[PDB]
Structures are given as structure tokens and as C-alpha cells.
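Working notes, structure below.
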Amino acid sequence: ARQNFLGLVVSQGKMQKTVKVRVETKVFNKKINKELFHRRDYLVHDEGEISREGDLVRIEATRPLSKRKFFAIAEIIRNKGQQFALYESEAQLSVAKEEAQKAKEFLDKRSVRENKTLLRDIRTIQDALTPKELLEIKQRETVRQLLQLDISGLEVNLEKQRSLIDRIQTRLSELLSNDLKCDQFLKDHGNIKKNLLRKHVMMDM
Amino acid sequence: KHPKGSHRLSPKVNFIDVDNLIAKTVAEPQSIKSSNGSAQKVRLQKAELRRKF
RNA sequence: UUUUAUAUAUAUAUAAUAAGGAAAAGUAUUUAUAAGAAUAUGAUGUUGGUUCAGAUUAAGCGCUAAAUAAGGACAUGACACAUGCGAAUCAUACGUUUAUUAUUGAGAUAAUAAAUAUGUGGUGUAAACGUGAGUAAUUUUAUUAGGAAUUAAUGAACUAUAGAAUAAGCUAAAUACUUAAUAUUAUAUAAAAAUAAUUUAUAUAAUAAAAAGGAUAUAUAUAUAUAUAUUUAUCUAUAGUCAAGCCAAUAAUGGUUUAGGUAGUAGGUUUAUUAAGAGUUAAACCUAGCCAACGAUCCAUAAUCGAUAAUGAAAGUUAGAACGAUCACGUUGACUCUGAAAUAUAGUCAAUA
RNA sequence: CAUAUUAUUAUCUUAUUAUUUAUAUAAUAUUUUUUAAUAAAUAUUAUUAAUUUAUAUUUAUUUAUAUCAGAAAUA
Ligand SMILES: [Mg+2]
Ligand SMILES: [Mg+2]
Ligand SMILES: [Mg+2]
Ligand SMILES: [Mg+2]
Ligand SMILES: [Mg+2]
Ligand SMILES: [Mg+2]
Ligand SMILES: [Mg+2]
Ligand SMILES: [Mg+2]
Ligand SMILES: [Mg+2]
Ligand SMILES: [Mg+2]
Ligand SMILES: [Mg+2]
Ligand SMILES: [Mg+2]
Ligand SMILES: [Mg+2]
Ligand SMILES: [Mg+2]
Ligand SMILES: [Mg+2]
Ligand SMILES: [Mg+2]
Ligand SMILES: [Mg+2]
Ligand SMILES: [Mg+2]
Ligand SMILES: [Mg+2]
Ligand SMILES: [Mg+2]
Ligand SMILES: [Mg+2]
Ligand SMILES: [Mg+2]
Ligand SMILES: [Mg+2]
Ligand SMILES: [Mg+2]
Numbered sequence: 001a002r003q004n005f006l007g008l009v010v011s012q013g014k015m016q017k018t019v020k021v022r023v024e025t026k027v028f029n030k031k032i033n034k035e036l037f038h039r040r041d042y043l044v045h046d047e048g049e050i051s052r053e054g055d056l057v058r059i060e061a062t063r064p065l066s067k068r069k070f071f072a073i074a075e076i077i078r079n080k081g082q083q084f085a086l087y088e089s090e091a092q093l094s095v096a097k098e099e100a101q102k103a104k105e106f107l108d109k110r111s112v113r114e115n116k117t118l119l120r121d122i123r124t125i126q127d128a129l130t131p132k133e134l135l136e137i138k139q140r141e142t143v144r145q146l147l148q149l150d151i152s153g154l155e156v157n158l159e160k161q162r163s164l165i166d167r168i169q170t171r172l173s174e175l176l177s178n179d180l181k182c183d184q185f186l187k188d189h190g191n192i193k194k195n196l197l198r199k200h201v202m203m204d205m
Numbered sequence: 001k002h003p004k005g006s007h008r009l010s011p012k013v014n015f016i017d018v019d020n021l022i023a024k025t026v027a028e029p030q031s032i033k034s035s036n037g038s039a040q041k042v043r044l045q046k047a048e049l050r051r052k053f
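Chains A and B supply the protein sequences, listed in that same order. Numbering of the first sequence is given in the working numbering, commencing with residue 1 and proceeding in unit increments. Numbering of the second sequence is given in the working numbering, commencing with residue 1 and proceeding in unit increments.
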């Protein structure tokens with residue numbers, strides 16, 4: 001049959017309808033006493049110019065098409081070279097819009113800080129517990145709400161996570177202890193049983 | 001696609017038919033009837049032996 | 001261990017408790033094969049080179065030499081050559097020349113014998129033989145169960161089959177030459193698939209391209225023709241056999257103190273040319289490529305190889321004389337005819353003698 | 001400094017050859033218009049040799065491209 005060599009495209013777009021394909025073959029060298037790879041580069045016909053650098057292809061025997069070109073591409077097993085340009089263009093397009101959004105956010109934050117006395121205000125509300133400035137500050141347990149800190153949110157979130165983990169583990173252990181109770185749990189929900197119990201128990205919680 | 005001037009597939013194998021090869025290569029004479037010839041008998045004998053072989 | 005008890009807040013601490021004992025007699029080929037020595041040192045060990053012990057030659061030379069049988073024999077100046085041979089053969093291609101017999105009257109024609117290859121022709125010298133200059137690959141060598149452009153209406157020269165072998169001219173005459181007659185591919189329609197093409201069948205178009213008679217006998221008639229038969233020839237067609245043309249992959253010496261090289265250069269599109277692909281050559285228009293420190297380009301050297309020779313335990317290393325395969329050359333260089341194939345040991349031109 | 005041989009070339013010369021140009025009262029074949037010499041019959045009418053004419057196959061001539069080999073230059 002026509003000679004067939006598996007290869008990787010190493011140069012493309014330099015010439016018209018011609019690429020360089022990197023063919024590796026197994027040879028035995030006696031002086032080393034080793035099977036080693038021997039490498040060559042073939043000038044190959046690419047009609048349609050589909051193949052891109054980095055793609056994994058055949059190059060198959062053909063009539064002489066030029067002085068140095070005797071092989072033609074037949075198919076592309078791996079389209080990595082093709083994808084490397086599509087992803088490039090998509091990355092450019094997406095980065096532009098994401099840049100624009102984040103720059104808008106930064107400009108907005110600059111405006112907020114430009115607009116820009118909390119201690120004095122809070123003390124004025126505290127002493128009140130006068131009327132007009134108090135109302136204006138209101139527009140600008142209320143003291144507790146105005147001073148609620150993000151750390152409390154972190155504390156409650158941490159407690160939620162720990163409670164969830166511990167409850168899951170204790171229910172798993174409890175159901176695993178009584179094997180029949182595990183089967184009842186499975187049937188009500190409607191080593192394989194172990195995974196099914198784990199899934200159902202976490203879905204419960 | 002393949003190159004413009006090339007053939008996508010290799011030439012198809014020409015499967016010999018032994019009966020056809022025998023018929024075309026060595027064909028029995030149509031004119032069986034012939035008269036006496038000194039060299040004609042020898043030529044006929046040689047041709048028959050070669051065809052058989 | 002395991003299980004359980006009490007106590008304490010599903011878990012924890014203490015206490016007790018433990019299921020693993022079975023038996024039986026008899027039922028070679030081993031493979032391939034690697035040896036060192038002398039010389040350092042005041043002496044020792046080690047590194048280290050040098051030399052030696054073995055085998056062999058395309059051998060030469062010194063001394064010596066009986067016969068027979070076989071295998072080799074200009075490796076150097078691809079330096080120059082006196083002399084003789086190495087490619088002729090056909091009288092059944094055509095012509096000539098004689099002698100006798102016969103009839104015809106210096107000749108004419110037959111029959112029988114001969115000569116004639118200093119005239120016109122056919123076939124053979126692209127082989128074989130010898131050589132190794134060139135060639136480091138741009139076409140060379142080796143190998144592949146490698147290919148296509150998917151190689152010609154190619155037979156070179158035999159086999160098997162069918163056909164045909166006609167007319168003129170010029171030769172003094174012809175199987176010599178010319179002129180003429182006659183006898184796969186490209187399209188269109190379908191079919192399939194080994195399909196993004198190929199193949200198959202059909203119908204057309206042109207295929208459309210030839211030839212040659214001699215030697216004998218007889219049979220006719222009127223020496224002339226003719227008609228057969230036997231022999232040897234000629235042309236065409238199909239198939240076979242033997243063959244050719246082109247490309248791919250891997251390998252093929254030394255020097256980078258030769259590091260950059262290449263502009264037809266690398267690729268693309270067409271056209272001319274071939275049976276056939278391709279910057280192989282010729283023309284045109286585009287792109288900027290291609291090779292290279294895993295060594296390009298350049299230079300030097302060299303015919304290449306084997307189931308050949310030598311050597312080694314072997315991997316390998318050396319040779320390429322002898323046997324065999326391939327290439328190139330026939331004093332040097334280029335081109336041309338013929339041809340299927342030649343830059344032919346041909347021809348032409350030039351160079352050398 | 002001197003000798004030598006391969007290689008090349010924006011240079012010079014060029015055998016032969018391959019294409020390619022332009023020309024031929026240039027030929028040869030055939031096709032016409034015509035002229036001589038000749039042949040059969042009652043003014044001929046055709047024939048061969050020469051005149052003019054336009055298609056092929058070449059010859060001489062020159063246009064260009066390449067080209068063995070030679071100088072010149074370089075290595
Ligand atoms: Mg091409
Ligand atoms: Mg000593
Ligand atoms: Mg020795
Ligand atoms: Mg002898
Ligand atoms: Mg010699
Ligand atoms: Mg020799
Ligand atoms: Mg004779
Ligand atoms: Mg003669
Ligand atoms: Mg020869
Ligand atoms: Mg020989
Ligand atoms: Mg004649
Ligand atoms: Mg003839
Ligand atoms: Mg081309
Ligand atoms: Mg080239
Ligand atoms: Mg060009
Ligand atoms: Mg080098
Ligand atoms: Mg040599
Ligand atoms: Mg040589
Ligand atoms: Mg030899
Ligand atoms: Mg050698
Ligand atoms: Mg010899
Ligand atoms: Mg020669
Ligand atoms: Mg020569
Ligand atoms: Mg000589």
C-alpha cells in the first residue's frame with residue numbers, strides 16, 4: 001500500500017499548500033545496542049490548507065508534486081493547532097469585555113470614594129435616644145444594624161459548615177450501624193448500598 | 001481533499017481468471033481440417049504440446 | 001481476640017469469657033564459549049604506552065626447488081602502441097558471368113550444371129569482452145511482500161490463435177525505397193461500488209497504423225500468363241514470456257582549522273515536451289521560502305555490494321583480486337539520426353596523438 | 001615570485017546542432033495561364049520539353065536564444 005507516516009505539523013503557512021511534518025520511526029542502533037527514535041521532516045502537500053501547526057496527522061505517499069514534496073496530508077487525528085487559534089481569538093474577544101466591565105466597576109468605586117464622620121453620626125443617634133439633623137443622618141437597634149460587621153457573617157457561615165459536616169457524618173454512622181435501618185432508608189427514598197446511603201443522606205442535607 | 005492530479009485510491013487489483021488467461025493466451029485452432037504437410041504436422045505437434053504444457 | 005456484665009455521660013472506664021488437631025503404602029539431548037607474555041621500580045601495587053606469541057595476502061624480495069592435479073596472474077601510467085587476428089553471413093531477395101543440350105538465327109529463350117558477397121539489398125555488432133577514469137549521489141549501490149503519473153493504441157523476439165498480403169512510381173531489378181488503397185483513447189447513455197473516484201457495458205467519433213515475395217512440383221490453357229499444393233519468408237490484431245521508463249522510505253568515508261549556504265533557490269498556478277510525475281528542461285505570473293552544529297555548502301578521496309575472500313568467540317573490522325550482481329566507461333567534450341531504449345566503441349563538430 | 005589542472009562568468013570569439021525570424025525571377029513536386037517539338041485522322045487535337053502562376057518538402061541566405069572547445073578575469 002501507499003506509504004503512511006504518522007506525524008506532527010511543525011511549520012504551516014510559510015508556503016502555499018505545503019507544510020512540514022515531523023515523522024518519528026523506530027530504528028535499532030547496534031553500536032549502542034538500543035531501539036531509538038529516528039526523526040525526519042517531510043515537505044507535505046496540504047490541499048485546502050486545513051492542517052495547522054501542532055496538529056497530529058498522517059502524511060501519505062503520493063506522486064512527485066515538486067522537487068522535494070512526495071507526501072500529502074490525509075486526515076487530522078488531533079486538531080490542537082486548529083484549536084489554538086480559535087481559542088486565541090475567543091480569548092481576545094472575552095478579555096476585552098471583561099476588561100470593560102471591571103474598569104467600569106473601578107471607576108464607580110472611585111466615584112463613591114470621591115463622594116465620601118461615622119463616629120459623630122452614631123453618637124448623635126445615641127444621644128437622641130436635634131430632630132432634623134437626626135433625620136438627615138437617618139437618610140444618609142439602628143445603631144447595631146449600622147455597625148454590624150462582616151465577621152459575624154463569617155462566624156455564622158463557619159458554624160453552618162461545621163454543623164452540616166458533623167450532622168452528615170453522624171447520620172451516616174448511625175445508619176451504617178443498623179444495616180436494616182439503612183435498607184429502610186434506601187427503600188423510603190426509593191458496598192453499592194454504602195454509596196447510595198451517602199448520596200441520599202447528603203441530598204437530605 | 002487529495003492533490004488535484006492524483007488518484008485518491010490505489011489501482012484496483014487485476015484478479016486473473018485462469019480460464020480467460022488460458023483462452024486468450026493459448027487458443028485451440030478453429031480450422032481442424034487440413035491436408036498433408038511435411039512441416040505442418042511437426043508444427044501442429046509442437047503447438048499441441050506447448051498448449052498442453 | 002470476640003461477646004457480654006456493672007457503672008457513668010450512641011459513646012467511655014473497669015470485670016469475665018478463646019471457636020482454628022489433619023494422621024496410611026504405591027503412584028540424556030543442558031546447549032555458546034573470549035587464555036596471554038616481556039619491558040616500570042632499590043623492590044611492591046597500579047596507571048600507561050611499546051613490542052611479541054596466532055591466522056592470512058591480488059603479495060614482493062633473499063636462499064632453495066622433484067613430479068602431477070586444480071585455482072589465480074599489470075593492484076602502478078583510463079600511459080603510448082609496431083605486427084597478426086577478435087564480425088561475419090545469405091547465391092532460396094534482386095542482379096551479373098560462364099559451359100552443355102534443345103529449339104529458334106551476332107544473339108533470344110528454356111532445362112541442366114556451375115561460378116559471382118569489388119553492384120543494389122536483408123540480418124548481426126544497445127550484446128559479449130575489457131576496464132575502474134568519473135561518480136560521496138541531480139539520475140550511483142543495497143533493501144522493501146513500497147508505489148504511480150493510476151506508464152505508450154512501444155516488441156525488441158519467440159509461443160499460441162485468427163486475418164490479410166492490393167495498386168502505382170523510381171532504381172538496371174527486388175523481400176531496396178517513396179506515394180496510395182484497405183484492415184486504444186475521447187465523448188454520450190446507463191450500471192454498480194473496492195466510490196467523493198474508479199471500473200463495467202453499450203453507441204458513436206476518429207482508431208487506421210501495414211505488408212513481399214523466393215524455392216519447388218504439378219494443373220490449365222494461350223515461352224506467356226494464370227490455379228492450386230509443399231516449403232520458407234512479410235504485415236496486422238489479442239494474450240503470454242522476456243523486458244524496459246519514473247518516484248518513494250533506510251543506509252553508504254574524512255575534514256566545520258569548510259558555519260553559514262541556496263536565487264530555479266523552497267513552494268504555488270498555467271503553458272510547451274514525454275508513454276509518463278516533477279523547477280528535469282524552455283516560457284509566463286505569484287508567494288518567501290528551503291537546508292544547516294544529529295554538521296549544510298565546500299573541499300579531498302573512492303566504483304558499490306554478496307549466500308565472495310581474510311580475520312575474530314562473537315558484535316564487528318579489512319578487501320572489493322578471484323566467483324557472482326549493479327553501475328559507468330571504450331583517447332576527451334558537446335550535440336544529432338535511427339530506434340522501444342543510445343548524448344551509442346554509430347554519425348557530425350571540435351580537442352589530443 | 002614561478003609552473004600546472006579542474007570550476008565558474010553581467011566579459012570576448014565560436015564548430016556543430018536545436019528551435020526561432022525574415023528573404024529568395026532558388027529548386028523539386030503537383031494546380032493554372034501559356035509557348036515550342038511531336039502524334040492520328042479530316043482547321044486541328046491532344047501529348048512530352050521549356051514559360052508564368054500558388055500550396056507542400058527542402059536548399060542558399062541572413063535576425064534572435066542556447067551550445068563543444070578556446071582565450072581574459074577570479075578562485
Ligand atoms: Mg507541483
Ligand atoms: Mg629497563
Ligand atoms: Mg604476530
Ligand atoms: Mg595454470
Ligand atoms: Mg589496471
Ligand atoms: Mg585493479
Ligand atoms: Mg541468384
Ligand atoms: Mg554485397
Ligand atoms: Mg555495452
Ligand atoms: Mg564483464
Ligand atoms: Mg515493383
Ligand atoms: Mg521494405
Ligand atoms: Mg510542470
Ligand atoms: Mg533544480
Ligand atoms: Mg522560469
Ligand atoms: Mg560537512
Ligand atoms: Mg577512482
Ligand atoms: Mg572508479
Ligand atoms: Mg570482482
Ligand atoms: Mg571500500
Ligand atoms: Mg584482472
Ligand atoms: Mg559511452
Ligand atoms: Mg565518451
Ligand atoms: Mg588506450
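Here a beta-carbon is modelled for each residue, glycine too, at the ideal position from N, C-alpha and C.
Original post:
Taking the DSSP output, what are the residues bridged to A/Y87?
Top reply: Within the first sequence, the letter at position 87 stands for residue 87 of chain A. A/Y87 pairs with nothing; no bridge assigned.
**OP:** Assign A/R110 to buried or exposed, taking buried as 16 or more other Cβ atoms, counted over all protein chains shown, within 10 Å of its Cβ.
**Re:** Within the first sequence, the letter at position 110 stands for residue 110 of chain A. Per the 10 Å Cβ criterion, exposed.
Subject >> Rounded C-alpha distance that separates A/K104 from A/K187 >> reply: Locating residue 104 of chain A in the first sequence gives position 104, counting from the first residue. Locating residue 187 of chain A in the first sequence gives position 187, counting from the first residue. Taking the straight line joining both Cα atoms gives about 54 angstroms.
Original post:
Helix, strand or coil for A/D46 per DSSP?
Top reply: Indexing the first sequence from 1 puts residue 46 of chain A at position 46. A/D46 carries a coil assignment under DSSP once its states are collapsed to helix, strand and coil.
Original post:
Is there contact here, the stretch 49 to 68 of chain A with the stretch 88 to 95 of chain A, by at least three beta-carbon pairs under 8 angstroms?
Top reply: No, because fewer than three Cβ pairs between the stretch 49 to 68 of chain A and the stretch 88 to 95 of chain A fall closer than 8 angstroms, the two stretches do not touch.
Original post:
Are the stretch 188 to 196 of chain A and the stretch 159 to 167 of chain A in contact at 8 angstroms, needing three or more beta carbon pairs?
Top reply: Verdict: no, contact absent.
Original post:
Rounded C-beta distance between A/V201 and A/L180? I'm assuming under 8 angstroms.
Top reply: On the first sequence, position 201 is the one that residue 201 of chain A refers to. On the first sequence, position 180 is the one that residue 180 of chain A refers to. About 16 angstroms; that fails the 8 angstroms criterion.
Subject >> 8 angstroms contact criterion, which A/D46 and A/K17 should meet: CB distance rounded >> reply: Taking the first residue of the first sequence as 1, we reach residue 46 of chain A at position 46. Taking the first residue of the first sequence as 1, we reach residue 17 of chain A at position 17. Right, the Cβ-Cβ distance comes to about 6 angstroms (below 8 angstroms), so this counts as a contact.
**OP:** Check whether the stretch 70 to 90 of chain A touches the stretch 112 to 130 of chain A, counting contact only when three or more Cβ pairs, one atom from each stretch, lie closer than 8 angstroms.
**Re:** Output reads no: the stretch 112 to 130 of chain A does not touch the stretch 70 to 90 of chain A.
Original post:
If contact means a Cβ-Cβ distance below 7 angstroms, which residues of the stretch 47 to 76 of chain A contact chain B?
Top reply: Legend: CB atoms of the stretch 47 to 76 of chain A lying less than 7 angstroms from CB atoms of chain B belong to residues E47, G48, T62, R63, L65, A72.
Subject >> Uninterrupted alpha helix (DSSP H) stretches inside the stretch 95 to 146 of chain A (no shorter than 4 residues) >> reply: Listed in chain order, the alpha helix (DSSP H) elements of length 4 or more contained wholly in the stretch 95 to 146 of chain A are 118 to 128, 131 to 139, 142 to 146.
Original post:
Does the Cβ-Cβ distance between A/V10 and A/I59 come in under 7 angstroms?
Top reply: Taking the first residue of the first sequence as position 1, residue 10 of chain A is located at position 10. Taking the first residue of the first sequence as position 1, residue 59 of chain A is located at position 59. In this structure, A/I59 does not lie closer than 7 angstroms to A/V10 by Cβ.
Original post:
Counting only beta-carbon atoms, is B/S38 nearer than 7 angstroms to chain A?
Top reply: Residue mapping note: residue 38 of chain B aligns to position 38 of the second sequence, counting from 1. No, its Cβ sits nowhere closer than 7 angstroms to a Cβ of chain A.
Original post:
For A/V23 versus A/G13, is the C-beta spacing smaller than 7 angstroms?
Top reply: On the first sequence, position 23 is the one that residue 23 of chain A refers to. On the first sequence, position 13 is the one that residue 13 of chain A refers to. No, they are not a contact pair.
**OP:** Please go through the same chain and pick out, in chain order, the residues whose beta-carbon is closer than 8 angstroms to the beta-carbon of A/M205, but skip the five residues on each side of it.
**Re:** Start at 1 with the first residue of the first sequence, and residue 205 of chain A comes out as number 205. The answer, listed in chain order, is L164, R167, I168, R171.
**OP:** Note down, in chain order, every chain A residue with its Cβ under 8 angstroms from the Cβ of residue 54 of chain B.
**Re:** The requested residue 54 of chain B is not part of the displayed model; chain B covers only 1 to 53.
Original post:
Going by the beta-carbon positions, is the gap between B/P3 and A/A72 smaller than 7 angstroms?
Top reply: What you label residue 3 of chain B is simply residue 3 of the second sequence in a count that begins at 1. What you label residue 72 of chain A is simply residue 72 of the first sequence in a count that begins at 1. In this structure, A/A72 lies closer than 7 angstroms to B/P3 by Cβ.
Original post:
In chain order, what residues of the same chain have a beta carbon less than 6 angstroms from the beta carbon of A/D121, not counting five sequence neighbours either side?
Top reply: Numbered from 1 along the first sequence, position 121 holds the residue referred to as residue 121 of chain A. Excluding sequence positions up to five before and after A/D121, its CB lies within less than 6 angstroms of the CB of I137, all in the same chain and listed in chain order.
**OP:** Go through its chain and collect everything with a Cβ distance to A/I76's Cβ below 8 angstroms, but skip five positions before and after it.
**Re:** Along the first sequence, read from residue 1 onward, the residue named residue 76 of chain A stands at position 76. Around A/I76, the same chain offers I50, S51, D55, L56, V57, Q82 as residues with beta carbons nearer than 8 angstroms, after the five sequence neighbours per side are excluded.
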